[PDB]
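Just below is one structure, and these are the notes that go with it.
Protein chains: 2
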Amino acid sequence: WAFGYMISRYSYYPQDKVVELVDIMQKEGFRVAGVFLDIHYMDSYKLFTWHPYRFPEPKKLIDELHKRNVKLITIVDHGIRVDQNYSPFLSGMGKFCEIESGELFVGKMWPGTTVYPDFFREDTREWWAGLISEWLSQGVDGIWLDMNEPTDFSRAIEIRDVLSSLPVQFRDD
Amino acid sequence: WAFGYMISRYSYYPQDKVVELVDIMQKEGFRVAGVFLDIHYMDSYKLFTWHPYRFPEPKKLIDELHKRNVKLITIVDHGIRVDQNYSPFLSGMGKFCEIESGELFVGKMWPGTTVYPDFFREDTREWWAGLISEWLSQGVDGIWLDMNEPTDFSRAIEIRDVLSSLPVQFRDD
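For the protein sequence lines, the chains are F and A, in the order given. The first sequence begins at 175 in the authors' numbering and counts up one residue at a time. The second sequence begins at 175 in the authors' numbering and counts up one residue at a time.
If you want it as structure tokens, here you go:
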């Protein structure tokens, strides 16, 4: 099924619209293997969370998709939000990337201020596998890893803040 | 009396305070020949006007000062406010400075957007003499001409608007 016809967008939501679209596609004769859910499904772009208003009942969505024989693939970025009450941030502590001087590498990504997992380490990899596994257990069929170059926007944003008001054009480096 | 002791400030107001100060000076033995009124006495820095709140009764002030044998000297700048309902602007029309291309030279000074009298012309001189004469007739004893280099702030303000944002410091040219 990974080689079947996949539909995706940035993004499809709320959950009822996802099902409505799949139904119309199938009704008109298109065999859809799976649908991709882009970042709008998350709560404030926080990894491993569901938007409380757009996706109040994810279980219902997964069941509806599976009843229709459609796989669900969810995007997962690499940025962990520096949030005091965000579980992944607290549990991942100790396994994030650092900078030469010893502090954590704090940057900028979709969820705002963020830290990044140091995937080169065994414990980080194990910790991540755990979150993924837990995420897959709801019935999610696939993982879409994005922005994993790895990408960071703190430098770009820093430039945009300092020369924001200046009526000039920035080169695209 | 022009060689006597003059007190001034930028500025003395409202009118009751001007008289109070002169009284204290005289009571303590200082022979004051005259007091200078800086730009705060004008209405929005408009030449030949009295601030409706600080100097609501100019005649009363002048009389109070004259009763105490104290002359009154008022500052008069060279900028005419580009104001649709400002008399000097309307009556001076035709006698203001222009730029090479023919339009009026519109700049910036205390009253904001302003035009300037072309004093090199005899007609402008006659027009100005008229306003001065009319101004002196209330009992004003002297004229203090300021900013008549002539000075203009449109270039400075133009620079400050475009580079206002930059955390950089400007050279004082």
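Think of the CB as a built atom: it goes at the ideal place given N, C-alpha and C, for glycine as much as any other residue.
Roughly how many whole angstroms lie between the Cα atoms of residue i and residue j?
i, j, result
"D347 of chain A", "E272 of chain F", "47 Å"
"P232 of chain F", "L264 of chain F", "24 Å"
"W301 of chain F", "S185 of chain F", "28 Å"
"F204 of chain A", "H214 of chain A", "25 Å"
"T287 of chain A", "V280 of chain A", "7 Å"
"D197 of chain A", "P188 of chain A", "15 Å"
"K201 of chain A", "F210 of chain A", "19 Å"
"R345 of chain F", "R183 of chain A", "53 Å"
"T298 of chain A", "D292 of chain A", "6 Å"
"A330 of chain A", "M321 of chain A", "15 Å"
"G178 of chain A", "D335 of chain F", "58 Å"
"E332 of chain A", "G266 of chain A", "26 Å"
"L235 of chain A", "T325 of chain A", "31 Å"
"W224 of chain A", "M216 of chain A", "5 Å"
"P341 of chain F", "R255 of chain A", "30 Å"
"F294 of chain A", "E277 of chain A", "18 Å"
"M180 of chain F", "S338 of chain A", "51 Å"
"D212 of chain A", "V192 of chain A", "12 Å"
So, under 8 Å CB-CB, residue i and residue j are touching, yes? Tell me the CB distance rounded to an integer number of Å.
i, j, result
"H252 of chain A", "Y219 of chain A", "Incorrect: roughly 12 Å between the Cβ atoms, too far for contact."
"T248 of chain F", "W318 of chain F", "7 Å"
"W284 of chain A", "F222 of chain A", "Contact doesn't hold; Cβ gap of about 13 Å is too wide."
"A207 of chain A", "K245 of chain A", "6 Å"
Compare the Cα-Cα distances from residue i to each of the options and report the closest residue.
i, options, result
"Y227 of chain A", "A:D190, A:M180, A:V314 and A:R295", "A:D190"
"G313 of chain F", "F:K201, F:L239 and F:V256", "F:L239"
"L305 of chain F", "F:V250, F:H225 and F:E332", "F:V250"
"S328 of chain A", "A:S307, A:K282, A:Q343 and A:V342", "A:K282"
"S311 of chain A", "A:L195, A:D237 and A:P230", "A:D237"
Does DSSP put residue i in a helix, a strand or coil?
i, result
"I273 of chain F", "coil"
"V314 of chain F", "coil"
"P262 of chain F", "helix"
"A207 of chain F", "strand"
"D335 of chain F", "helix"
"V192 of chain F", "helix"
"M216 of chain A", "coil"
"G281 of chain F", "strand"
"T325 of chain A", "coil"
With 8 Å set as the bound, which would you pick, yes or no: does the beta-carbon of residue i sit closer than that to a beta-carbon of chain B?
i, result
"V193 of chain F", "The chain labelled as chain B is not found among the protein chains of the depicted structure, namely F and A."
* chain A contacts made by the region 268-281 of chain F, where a contact means CB separation under 9 Å -> none
* To do: Please list the residues of the region 314-342 of chain A that have a C-beta atom closer than 9 Å to any C-beta atom in chain F, keeping them in chain order.
  => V336, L337, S338, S339, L340 and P341
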